[PDB]
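K.L.:
The structure is given below, and queries will be raised subsequently.
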Amino acid sequence: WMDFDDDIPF
Amino acid sequence: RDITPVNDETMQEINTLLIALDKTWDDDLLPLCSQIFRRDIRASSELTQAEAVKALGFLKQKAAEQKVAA
């Protein structure tokens, strides 16, 4: 799953 | 597990980084928290403290990694 430890764009 | 609501000090740290990143609750962070935590979160105050600490870590990574382009 996507979580806040991932390299997510913002 | 712990559903203690987000406290004011943590909220203020989050608000500070949102401003620095030129991002907002309505446009950016409330949608992402809703997706990551798989629940409808309509206001910043609805986060639990445990949720907010994870969001804060993420924002710190974003603010530390690179300059905010104009």
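Simple scheme: letters A, B, ... for chains in structure tokens order, numbers from 1 for residues in each chain, numbers from 1 for ligands in the order shown.
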Restrict the distance test to only C-alpha atoms, flag each residue of chain B within 12 Å of chain A, and return the flagged residues as a PyMOL selection string.
P.N.:
chain B and resi 18+21-25+27-38+50-63+65+68
K.L.:
Chain B: which residues are alpha helix (DSSP H) by DSSP, as a ChimeraX atom specification?
P.N.:
/B:8-21,30-37,49-65
K.L.:
So that I can see what lies close to residue 3 in chain B, please list as a VMD selection string the residues with an atom at most 10 Å from it, counting only C-alpha atoms and leaving out residues fewer than 2 positions away in the same chain.
P.N.:
chain B and resid 1 5 to 6 47 to 51
